[PDB]
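Engineer: based on what follows, work out the 3D shape:
(one chain, ligands or ions: 1)
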Amino acid sequence: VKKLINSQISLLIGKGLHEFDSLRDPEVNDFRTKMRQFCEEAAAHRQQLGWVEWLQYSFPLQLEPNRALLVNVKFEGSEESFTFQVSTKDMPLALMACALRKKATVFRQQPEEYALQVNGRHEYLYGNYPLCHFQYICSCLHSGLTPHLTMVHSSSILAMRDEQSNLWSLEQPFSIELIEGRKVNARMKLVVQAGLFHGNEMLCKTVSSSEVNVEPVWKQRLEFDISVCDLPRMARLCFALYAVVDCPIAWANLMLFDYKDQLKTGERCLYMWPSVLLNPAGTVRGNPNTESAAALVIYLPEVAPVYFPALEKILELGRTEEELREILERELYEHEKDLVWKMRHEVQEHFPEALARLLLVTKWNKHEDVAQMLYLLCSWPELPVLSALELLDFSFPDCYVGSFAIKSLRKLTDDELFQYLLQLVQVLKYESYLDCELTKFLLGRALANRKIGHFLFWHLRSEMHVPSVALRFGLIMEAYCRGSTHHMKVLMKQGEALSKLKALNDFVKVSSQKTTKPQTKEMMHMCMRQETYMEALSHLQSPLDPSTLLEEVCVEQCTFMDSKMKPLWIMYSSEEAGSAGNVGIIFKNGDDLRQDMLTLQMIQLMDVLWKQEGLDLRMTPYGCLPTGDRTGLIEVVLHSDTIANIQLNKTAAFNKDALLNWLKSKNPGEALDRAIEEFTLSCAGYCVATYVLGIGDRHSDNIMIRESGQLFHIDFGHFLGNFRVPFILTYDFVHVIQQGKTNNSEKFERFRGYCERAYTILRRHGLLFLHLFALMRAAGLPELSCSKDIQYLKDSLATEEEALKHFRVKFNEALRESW
Ligand SMILES: C[C@@H](c1nc(-c2cnc(N)c(-n3nnc4ccccc43)n2)nn1C)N1CCOCC1
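Structural biologist: Residues are numbered from 1 along each chain as shown. Let me share the structure:
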């Protein structure tokens, strides 16, 4: 029955479906019904896809942004495998051909009927791409390991697709009636400041309430300096309740128009949110804690059925100098703004990419000016992805503006969308109504690609404990589940594994105080070996990456760590995969993993940007994913250790040698020079990464080394210099770069070049970083709160020559400070 699926979605999304009904809201009812059909349409289209098209949905290719190698190939229903010697320039088809020919001669006798599955992973190799373009092959060629693949036939992929089925007339000013208030605070008098906003900008000057002593009654008329006909569609009425002899108490906002474009009237009770003065960026929906939250009773006076005019009507109304207009194009005065508005047609024709600057000069408090702009917009050419990401910020609130940005993001690759998905999910907080183009797009892309679908779910699910977004986020996940009954069940398994891990972590935390670690470890081990634990912790997709399969839990290899939140070290094995199935996951409960994930995503973007310029600084883009309330996962980077642990053996005469001696033991003979190259490149990338991102409090316990020599960072506590952090250079690292030699300028000057190139490449994309950090402000991160945080990134990135010289000033100060 359908009831079991409804109860399944409920337990999964972490909110009962009945709770959407209890509210008795037609906006919630319309979102649910409309979006459900949209997702069921998307689910249907998927079931009739060709086997390759389905493989592109389920297991999208892991691609990279000559030489011969041994590759092991086996067929689905057999233990028999053949090891072939193929090239890195060879296409998957030639490998499939070899695999077929060898099967035909052994068993005594077409490659376009198969696909190559990565052993013990939900990863596949297909398409006209040389084998060296696939991430699994590339990880194998660097680690030395042999790629193990499985020949999967069309009819078997088709069996999966089958078992995975389911107006202008009102010229009087805008006014309201502030009736009465409620709840606590000191003696003093309560003022209610009220303003009207279109994004970050006021449509008129604020009007404050008359001073009333502490449950208060106002019954006062508040009028605004704006005509009702001049109100923009996305106008926000913002309130702030505070005390004065200031002390802020509460805040609440609301759209003057509903989801059906109707100008509201009638009384309204406003369950306000506790303050840290006016917050326009805040949610336009009341506090769900209607019991303990302060309420503002207000009245929307009648003006009578007034609906915001249709596009056909907006377009009906909307239907040199030239030199100084270019000079201001590459924070501006009023005469400069008037010039841009006068020249608005020349902006569309010769500077389409300057649209954002034009959208900020338009008087949104004048319907005629809005119409004249919307008319230009309804003929405006598509903007590049970069400029479109700027148009998603709270500074651009108009619905038609918002719809144009999505229209420019449709061209985005599933790879590019994956990179900025964290920012696009945050932008959901800025949205005014449940039903939006952003949700329809995010949902459309989730259901068209199972990896986008996976991460969109976890981005939403991880924020379910946040009351301001719980309804929106819950509604989106339920809409998703209707479009994928099978994936819903897959994500449910993941939630059961994480449910067991929290209980096991709670036990560990308690036990670590009551007894010694070897005694707590055997108890963890004993608790894990219980039926329910063995079942729940095994045979699941990794929330860190759906292509990674967590098969049998290796209880003996599991442990906990000695740090504050006693994190769990959970290891896995798989016979099929061999070594690819020997993965590990770290479960952390107690700290906020959101920032660590962002820091790692920003470093992952830097890697992508460098790799695109041919520069491979041998980075370690390991997974970090918040899954719940101060709960998350970290990807285990195997064959790695901390600097502090390496600096103590289980032989060095001096500390400076310890690091180099460890590399010497893990990379003997001709391999050592490779490990030092890995160290030099990775070190340089993380020197530019930590510097630009403003990562301080870096020490031996949070910096790690792989047995390959690759250096990487962990447990990023504070970013954007939020303790102006300088460049960091360590004697122990410089020693390794300089090959143990006290003096080595060739090796050090090469390393100085890597730091320089890495820095200059990122400076060219400085706008990409600034747009993504701007969009990220929505998340609520105490380290990305204001413009001074954006300004940190502006200063660490800063003409190319006048900035590169200034980088050398910081680089030289870092080398001299090194003892
Ligand atoms: C020394 C230490 C060890 N840690 C790692 C390792 C690997 N990958 C990571 N992503 C990683 N990170 N990253 N963020 C973290 C946050 C907390 C803890 C760990 C973290 N830590 N490897 N090893 C051997 N323990 C030896 C005994 O067994 C338990 C592990």
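Engineer: how far off centre is the longest helix along the chain?
Structural biologist: Secondary structure of the chain read by DSSP state H shows that its longest helix is helix 485-514. Offset of helix 485-514 from its chain centre (C-alpha atoms, centre = their mean, to the nearest Å): 23 Å.
Engineer: check stretch 545-558 too.
Structural biologist: Its chain's C-alpha centre and that of stretch 545-558 lie 24 Å apart, by C-alpha atoms, centre = their mean.
Engineer: how about that stretch: buried residues?
Structural biologist: Within stretch 545-558, the residues scored as buried using 16 or more other C-beta atoms under 10 Å are 545, 546, 547, 548, 549, 550, 551, 553, 555, 558. Every C-beta, even on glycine, is put in place using the N, C-alpha and C of the backbone.
Engineer: among those residues, which lie within helices?
Structural biologist: Those of those lying in helices (DSSP H): none at all.
Engineer: can you redo these as TSV with distance to residue 454?
Structural biologist: Output for the buried residues of stretch 545-558, formatted as TSV (distance: C-beta to C-beta, whole Å):
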residue	distance to residue 454
545	8
546	5
547	10
548	11
549	13
550	14
551	18
553	21
555	27
558	25
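Engineer: nearest to residue 475, of these?
Structural biologist: Proximity of these to residue 475 was ranked by C-beta to C-beta; the top entry is residue 546 with 23.0 Å.
Engineer: wait, isn't the closest one in contact with residue 123?
Structural biologist: No - counting by C-beta atoms under 8 Å, residue 123 is not a contact partner of residue 546; they are 9.6 Å apart.
Engineer: show me what contacts the residue nearest the centre of the chain?
Structural biologist: Closest residue to the average C-alpha location of the chain: residue 422 at 1.7 Å, with C-alpha atoms, centre = their mean. Listed by C-beta atoms under 8 Å, 6 or more residues apart in numbering, the contact partners of residue 422 are 459, 597, 598, 601, 776.
Engineer: picking that back up, the longest helix of the chain vs the ligand: in contact?
Structural biologist: No - if you take C-beta under 6 Å from any ligand atom as the test, helix 485-514 misses the ligand, and the best it gets is 12.8 Å.
Engineer: what are the buried residues along that helix?
Structural biologist: Residues of helix 485-514 classed as buried by neighbour count (16+ other C-beta under 10 Å): 487-488, 490-498, 500-502, 504-505, 508-509, 511-512.
Engineer: what distance separates stretch 647-657 from the centre of its chain?
Structural biologist: Taking the mean of its C-alpha atoms, stretch 647-657 sits 40 Å from the chain's own mean (C-alpha atoms, centre = their mean).
Engineer: end-to-end on it?
Structural biologist: Taking C-alpha to C-alpha, to the nearest Å, stretch 647-657 runs 9 Å from one end to the other.
Engineer: and for stretch 271-282?
Structural biologist: Across stretch 271-282, the terminal residues are separated by 13 Å (C-alpha to C-alpha).
Engineer: next one: stretch 616-629
Structural biologist: With C-alpha to C-alpha applied, stretch 616-629 spans 36 Å between its terminal residues.
Engineer: pull out the buried positions in that stretch.
Structural biologist: In terms of neighbour count (16+ other C-beta under 10 Å), stretch 616-629 has its buried residues at 617, 618, 619, 620, 621, 622, 623, 624, 625, 626, 627, 628.
Engineer: same list, those, but as a markdown table with distance to the ligand and secondary structure please.
Structural biologist: Below are the buried residues of stretch 616-629 laid out as a markdown table (distance: C-beta to the nearest ligand atom, whole Å; DSSP: H, G, I helix; E, B strand; the rest coil):
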| residue | distance to the ligand | secondary structure |
| --- | --- | --- |
| 617 | 19 | coil |
| 618 | 16 | coil |
| 619 | 13 | coil |
| 620 | 8 | coil |
| 621 | 11 | coil |
| 622 | 5 | coil |
| 623 | 9 | coil |
| 624 | 8 | strand |
| 625 | 12 | strand |
| 626 | 14 | strand |
| 627 | 15 | strand |
| 628 | 17 | strand |
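Engineer: the residue in the stretch 151-300 of the chain that the ligand sits nearest to - nearest residue in space that isn't next to it in sequence?
Structural biologist: In the stretch 151-300 of the chain, the residue that lies nearest the ligand is residue 276 (30.3 Å; C-beta to the nearest ligand atom). Distances taken as C-beta to C-beta, 6 or more residues apart in numbering put residue 248 closest to residue 276, at 6.5 Å, once the chain neighbours are dropped.
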